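Asker: Provided herewith is a single structure, encoded as structure tokens, for subsequent inquiry.
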Amino acid sequence: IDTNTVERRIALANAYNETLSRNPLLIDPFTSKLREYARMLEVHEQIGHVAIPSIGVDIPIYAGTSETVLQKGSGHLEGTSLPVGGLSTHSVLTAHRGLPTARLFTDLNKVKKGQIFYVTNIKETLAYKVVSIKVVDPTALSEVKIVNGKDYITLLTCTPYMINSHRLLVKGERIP
Ligand SMILES: [Ca+2]
């Protein structure tokens, strides 16, 4: 796609991000029951890719967290910022703590503070440095709000392994 088209679409994503309420009510995607909100970012139905070389993961990102999406890649939590970076953005990307055939976020618990993951979209590849690692009740995801003046992406999965009673949140902060 041509540069001028990419920039218009990114401008749309930014406008969307700057419209978001800073205080979503995020419901646990794993225990809950077709999305157009991220159409500007979509190429063949994917909005991006998330790579965590620290653990050998590189998987596609799709809009929403339907079970169809989570079977095949990472799902973007609607109500959070779209993964294009910027101040006052906080995107949440979700994936299973492993599937039969796919590692997905199986080893997210092995990511450490200071390590760097990458989110690639139609425009560029963004780098995020891990700054926090937390475990919370599934019924507590709303806290994962957009923080004024910060550019964050949280990677979200279930824990402990093979139990999945709780949720692991690994938050990275934009490296400018
Ligand atoms: Ca929609």
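We name chains A, B, ... following the order of the structure tokens; residues begin at 1 in each chain, and ligands are numbered from 1 as shown.
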Could you give me the residues within 8 Å of ligand 1, counting only C-alpha atoms and all ligand atoms, as a tab-separated table (two decimals) with N, CA and C atoms, in the first residue's frame?
Answerer:
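The result, written out as out34.tsv:
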```tsv
chain	number	residue	atom	x	y	z
A	34	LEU	N	-18.98	-9.46	14.24
A	34	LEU	CA	-17.81	-9.15	13.42
A	34	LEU	C	-17.41	-7.69	13.54
A	35	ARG	N	-16.14	-7.44	13.86
A	35	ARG	CA	-15.71	-6.10	14.25
A	35	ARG	C	-15.21	-5.23	13.09
A	36	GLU	N	-15.66	-3.98	13.08
A	36	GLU	CA	-15.23	-3.02	12.08
A	36	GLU	C	-14.42	-1.88	12.68
A	37	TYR	N	-14.31	-1.85	14.00
A	37	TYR	CA	-13.69	-0.72	14.67
A	37	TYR	C	-12.22	-0.50	14.28
A	38	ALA	N	-11.53	-1.55	13.84
A	38	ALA	CA	-10.13	-1.41	13.46
A	38	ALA	C	-9.88	-1.55	11.96
```
Asker: Considering only alpha helix (DSSP H) as DSSP defines it on the backbone, what residues of region 19-173 of chain A qualify? List them as a list in words.
Answerer: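 Reading the DSSP output for region 19-173 of chain A, alpha helix (DSSP H) covers residues 67, 68, 69, 70, 71 and 72 of chain A.
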Asker: Can I get the selection written as an mmCIF file, in the first residue's frame, with C-alpha atoms?
Answerer:
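So the final result, stored in again-v1.cif, reads:
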```
data_model
loop_
_atom_site.group_PDB
_atom_site.id
_atom_site.type_symbol
_atom_site.label_atom_id
_atom_site.label_comp_id
_atom_site.auth_asym_id
_atom_site.auth_seq_id
_atom_site.Cartn_x
_atom_site.Cartn_y
_atom_site.Cartn_z
ATOM 1 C CA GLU A 67 -12.863 -17.471 19.954
ATOM 2 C CA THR A 68 -12.247 -17.644 16.214
ATOM 3 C CA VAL A 69 -9.510 -15.034 16.584
ATOM 4 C CA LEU A 70 -7.953 -16.513 19.712
ATOM 5 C CA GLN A 71 -7.678 -19.900 17.990
ATOM 6 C CA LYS A 72 -5.386 -18.420 15.317
#
```
Asker: Go through region 16-130 of chain A residue by residue and, counting only C-alpha atoms, keep those with an atom at most 10 Å from region 162-174 of chain A; for each kept residue give the shortest atom pair and its distance in Å to one decimal, ordered by chain and increasing number, as a tab-separated table.
Answerer:
```
residue	atom	partner	partner_atom	distance
A:28	CA	A:167	CA	8.9
A:30	CA	A:164	CA	9.5
A:85	CA	A:174	CA	7.4
A:86	CA	A:174	CA	8.4
A:87	CA	A:174	CA	9.1
A:89	CA	A:174	CA	9.9
A:90	CA	A:173	CA	9.1
A:91	CA	A:171	CA	9.6
A:92	CA	A:171	CA	8.8
A:93	CA	A:169	CA	9.8
A:94	CA	A:169	CA	9.4
A:96	CA	A:164	CA	9.5
A:97	CA	A:164	CA	8.0
A:98	CA	A:162	CA	9.0
A:106	CA	A:162	CA	9.8
A:108	CA	A:170	CA	7.8
A:109	CA	A:168	CA	7.5
A:111	CA	A:170	CA	7.9
A:112	CA	A:170	CA	8.7
A:113	CA	A:172	CA	8.5
A:114	CA	A:172	CA	8.7
A:115	CA	A:172	CA	8.7
A:116	CA	A:172	CA	7.6
A:117	CA	A:172	CA	7.7
A:118	CA	A:172	CA	9.7
A:126	CA	A:174	CA	7.4
A:127	CA	A:174	CA	5.9
A:128	CA	A:174	CA	4.5
A:129	CA	A:172	CA	4.7
A:130	CA	A:172	CA	3.9
```
Asker: Contacts of residue 45 (chain A) at 10 Å or less, counting only C-alpha atoms, minus same-chain residues fewer than 3 places along, as a list in words?
Answerer: residues 38, 39, 41, 42, 48, 60, 61, 62 and 63 of chain A
Asker: Those selected residues, please, written with C-alpha atoms and delivered as a PDB file, in the first residue's frame.
Answerer:
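Here's the written file result.pdb:
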```pdb
ATOM      1  CA  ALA A  38     -10.127  -1.405  13.463  1.00  0.00           C
ATOM      2  CA  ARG A  39     -10.851  -1.585   9.730  1.00  0.00           C
ATOM      3  CA  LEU A  41      -5.550  -1.042  10.188  1.00  0.00           C
ATOM      4  CA  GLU A  42      -6.684  -4.208   8.452  1.00  0.00           C
ATOM      5  CA  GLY A  48      -0.601  -6.478  12.862  1.00  0.00           C
ATOM      6  CA  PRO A  60      -0.699 -12.174  13.921  1.00  0.00           C
ATOM      7  CA  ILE A  61      -2.999  -9.650  15.656  1.00  0.00           C
ATOM      8  CA  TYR A  62      -6.727  -9.525  14.851  1.00  0.00           C
ATOM      9  CA  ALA A  63      -9.515  -7.131  15.860  1.00  0.00           C
TER      10      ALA A  63
END
```
Asker: Taking 3 positions as the minimum chain separation for residues in the same chain, which residues sit within 8 Å of residue 10 (chain A) when counting only C-alpha atoms? Answer as a list in words.
Answerer: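 Close residues of residue 10 (chain A): residues 6, 7, 13, 14, 40, 41, 84 and 123 of chain A.
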Asker: Figure out the distance between CA of residue 95 (chain A) and CA of residue 53 (chain A), please, to one decimal in Å.
Answerer: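 Calculated distance between CA of residue 53 (chain A) and CA of residue 95 (chain A) is 16.0 Å.
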Asker: Counting only C-alpha atoms, which of A:145, A:158, A:22, A:152 gets nearest to residue 176 (chain A)?
Answerer: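 Closest candidate: A:152.
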Asker: Could you jot down the CA of residue 11 (chain A) to CA of residue 124 (chain A) separation for me, Å, one decimal place?
Answerer: 13.6 Å
Asker: So, with only C-alpha atoms as the atoms that count, which of A:21, A:12, A:148, A:122 lies closest to residue 44 (chain A)?
Answerer: A:122
Asker: Any idea what's packed within 8 Å of residue 20 (chain A), counting only C-alpha atoms, ignoring anything in its chain fewer than 5 positions away? Could you give it as a PDB file with N, CA and C atoms, in the first residue's frame?
Answerer:
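Dumped to out.pdb:
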```pdb
ATOM      1  N   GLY A  79     -11.856  -1.519  23.221  1.00  0.00           N
ATOM      2  CA  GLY A  79     -11.996  -0.630  24.359  1.00  0.00           C
ATOM      3  C   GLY A  79     -10.628  -0.127  24.770  1.00  0.00           C
ATOM      4  N   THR A  80      -9.589  -0.807  24.292  1.00  0.00           N
ATOM      5  CA  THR A  80      -8.207  -0.340  24.478  1.00  0.00           C
ATOM      6  C   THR A  80      -7.676   0.326  23.203  1.00  0.00           C
ATOM      7  N   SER A  81      -6.601   1.092  23.334  1.00  0.00           N
ATOM      8  CA  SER A  81      -6.011   1.798  22.193  1.00  0.00           C
ATOM      9  C   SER A  81      -5.606   0.837  21.073  1.00  0.00           C
TER      10      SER A  81
END
```
Asker: Taking into account only C-alpha atoms, which residue in the set A:1, A:25, A:77, A:119 is nearest to residue 52 (chain A)?
Answerer: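 Closest to residue 52 (chain A) of all the choices is A:119.
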Asker: So, with only C-alpha atoms as the atoms that count, which of A:76, A:82, A:110, A:99 lies closest to residue 55 (chain A)?
Answerer: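 Closest residue, counting only C-alpha atoms: A:110.
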Asker: Nearest to residue 9 (chain A) among A:51, A:58, A:73, A:121, with distances taken over only C-alpha atoms: which residue is it?
Answerer: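 Of all the options, A:121 lies closest to residue 9 (chain A).
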